[PDB]
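What follows is each chain in one-letter form.
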Amino acid sequence: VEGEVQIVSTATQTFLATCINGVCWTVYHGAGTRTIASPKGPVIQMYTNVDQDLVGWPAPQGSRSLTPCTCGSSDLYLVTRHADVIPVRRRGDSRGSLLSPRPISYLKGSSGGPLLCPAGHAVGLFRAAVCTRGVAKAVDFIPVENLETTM
Amino acid sequence: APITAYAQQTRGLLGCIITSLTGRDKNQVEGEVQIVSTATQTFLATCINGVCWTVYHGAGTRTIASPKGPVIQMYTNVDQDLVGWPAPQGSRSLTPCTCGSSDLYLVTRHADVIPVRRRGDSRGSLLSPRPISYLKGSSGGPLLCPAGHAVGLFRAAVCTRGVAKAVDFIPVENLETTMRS
Amino acid sequence: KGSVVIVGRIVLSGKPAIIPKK
Amino acid sequence: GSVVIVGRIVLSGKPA
Ligand SMILES: *[C@](O)(C(=O)NC1CC1)[C@H](CCCC)NC(=O)[C@@H]1[C@@H]2[C@H](CN1C(=O)[C@@H](NC(=O)NC1(CS(=O)(=O)C(C)(C)C)CCCCC1)C(C)(C)C)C2(C)C
Ligand SMILES: [Zn+2]
Ligand SMILES: [Zn+2]
């Protein structure tokens, strides 16, 4: 079995990475310009974009790529590091509101994860939770266009 | 919840041929859509409300191999291009769509779900045209609404120059009519 | 004429899962 | 430092 989402860690933290179009994408604020581990040694980033908080390495072993969205749906679904699916209503090019707010803890360690459309296709990469007093009611994300554009 | 799917091959060429002649399949069944094979072609069969449905142009009037030997078709409609056998023990059924959505999702033989926009009672357009070779083997497969309920069964591709821009399907309504006849 | 044979299956009821280690 | 993969998620829930 192959996975589209990799649960990754640095010495500092843990977050997610998502494979889209043969590239393993994640958040620059998690990975930085760090290299990714492999049985043959570290492999450097193929793409680094501090501006968009985006970095990508060649897709690792045991992974499969996600297909970008082409249906423009606004009914998104965020997948957490615990494999929880959270329905998100898209509010803007890179913003969406949780249909049911969750404490920040519930979304911790999930940045880099995917935001899927009703077809399970990649709409964006979870960039950061937008919360009010410890309650995430919305999220910031990197649209696939940026990824497709960066490539 | 987003529509995701996965495929698993349960048997090979020779086992398929033996089972075809024998008509006795002792394999365990799981899933809503079965990957089906005659001696000439492989396509899909979708279980909806307890009945395993597929395309007549694929199954013809054949029986389906089961652990109790071959099972005769429950329904046959050369005009609607449908055939149906009792859903195999182990399968899970989809239920008809009741929300009238026009945003549909076709599940292919390779377990990919592609979006299609309903442009008629039996037609929808691919938002992202693909070569027909991709759609090869998907006849009888399901067209789902955003909620995951059955809207129709993939019938034929509307292609030109080898690329499919639209699809032709048998809406779930024809199913009720076939059962009623 | 032969019987139609099930040679595989496509599962729609699966939900995101962490691939277990072995 | 290097980013290491500590686990994987399969969106379809494929057991296989
Ligand atoms: C399905 O039976 C299957 O997968 N089984 C085979 C692979 C083992 C198969 C799906 C393949 C689509 C790529 N469907 C068919 O074989 C059906 C049956 C016959 C012809 N086709 C079919 O898909 C045709 N398409 C077709 O006939 N389309 C139209 C006409 S058209 O495409 O607009 C044109 C006039 C030829 C340009 C008629 C039907 C309604 C849609 C338009 C192709 C094999 C050419 C893709 C059935 C009975 C429809
Ligand atoms: Zn989409
Ligand atoms: Zn519906």
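Now for a quick tour of the structure.

Quick notes on the rules
- Residues numbered from 1 in each chain as written, not as in the entry; some residues may be left out.
- Chains lettered and ligands numbered in written order.
- Heavy atoms only, no water.
- Donors = N, O, S within 2.8 Å, 3.2 Å for Na, K, Ca; no water.
- Buried < 20%, exposed > 50% of the residue type's maximum accessible area, 1.4 Å probe, protein only.
- 1 Å grid on protein atoms, 1.4 Å probe; cavity = no way out; pocket = protein on both sides within 12 Å on 5 of 7 lines; lining within 4 Å.
- Points joined across faces, edges and corners; volume = space filled by probe spheres on them.
- Nonpolar A, V, L, I, M, F, W, Y, C, P; charged D, E, K, R; others polar.
- Pairing = 2+ DSSP bridges.
- Helix = DSSP H or I, 4+ residues; strand = E, 2+ residues; numbered from the N terminus.
- Axes fitted to C-alpha atoms, helices over the stretch in contact; angles between N-to-C directions.
- Contact = heavy atoms within 4.5 Å.
- Buried area = accessible area lost by both parts, 1.4 Å probe.
- Salt bridge = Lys/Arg side-chain N within 4 Å of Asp/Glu carboxyl O.
- Polar contact = N/O pair within 3.5 Å; in protein donor to acceptor, adjacent residues only side chain to side chain.

## So, the coordination of the zinc ion (ligand 3)
Inference 1: Coordination sphere of the zinc ion (ligand 3), protein contribution only: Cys-97 of chain B (SG), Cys-99 of chain B (SG) and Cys-145 of chain B (SG), at 2.1 to 2.4 Å.
Inference 2: Overall, the relative accessible area of 0% leaves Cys-145 of chain B in the buried class.

## Brief notes about empty space enclosed by the protein
Inference 1: Under the criterion given, the structure shown has 1 cavity of 30 Å³ or more.
Inference 2: There is about 50 Å³ of room inside the largest cavity.
Inference 3: Considering the residues around the largest cavity, the lining is formed by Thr-10, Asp-25, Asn-27, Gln-28, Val-29 and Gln-34 of chain B together with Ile-6, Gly-8 and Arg-9 of chain C.
Inference 4: Classifying every residue of the lining of the largest cavity by side-chain character gives 2 nonpolar, 5 polar and 2 charged.

## Some remarks on the sheet that holds strand 12 (residues 142–144) of chain B
All names here are of chain B.
Inference 1: With antiparallel pairing, the 6 strands of this closed barrel are ordered in space as 9-10-11-14-13-12. Strand-to-strand twist of the sheet, defined as the mean angle between neighbouring strand axes without regard to direction, takes the value 40 degrees.
Inference 2: The pairing of strand 9 (residues 103–107) with strand 10 (residues 113–118) spans 5 bridges and is classified as antiparallel. Paired with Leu-106 across the two strands is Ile-114, which belongs to strand 10.
Inference 3: Packing of helix 4 (residues 172–179) onto the sheet brings it into contact with strand 10, strand 13 (150–160) and strand 14 (163–171), and relative to strand 14 it is tilted by some 35 degrees.

## Quick look at the interface of chain B and chain A
Inference 1: Listed as interface residues are 10 residues of chain B and, on the opposing side, 11 residues of chain A.
Inference 2: If you sort the residues of chain B by the area they bury against chain A, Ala-1, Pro-2 and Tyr-105 of chain B come out on top, with a joint share of 45%.
Inference 3: Viewed at the interface, chain A and chain B are joined by 0 salt bridges.
Inference 4: Taken together, chain B and chain A are joined by 3 residue pairs in polar contact.
Inference 5: With 3 residues, the top contributor of residues to the side of chain B that touches chain A is strand 11 (residues 123–131) of chain B.
Inference 6: Residues that form the side of chain B that touches chain A fall into these classes: 7 nonpolar, 2 polar and 1 charged.

## A look at the sheet that holds strand 8 (residues 85–92) of chain A
Residues and elements named next belong to chain A.
Inference 1: Taken together, 6 strands build a closed barrel; the order of strands is 7-8-9-12-11-10 and the barrel is antiparallel. With direction set aside, neighbouring strand axes in the sheet form an average angle of 45 degrees.
Inference 2: Here strand 11 (residues 122–132) pairs with strand 12 (residues 135–143) via 8 bridges, running antiparallel. By the bridge assignment for strand 12, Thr-132 is matched with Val-135.

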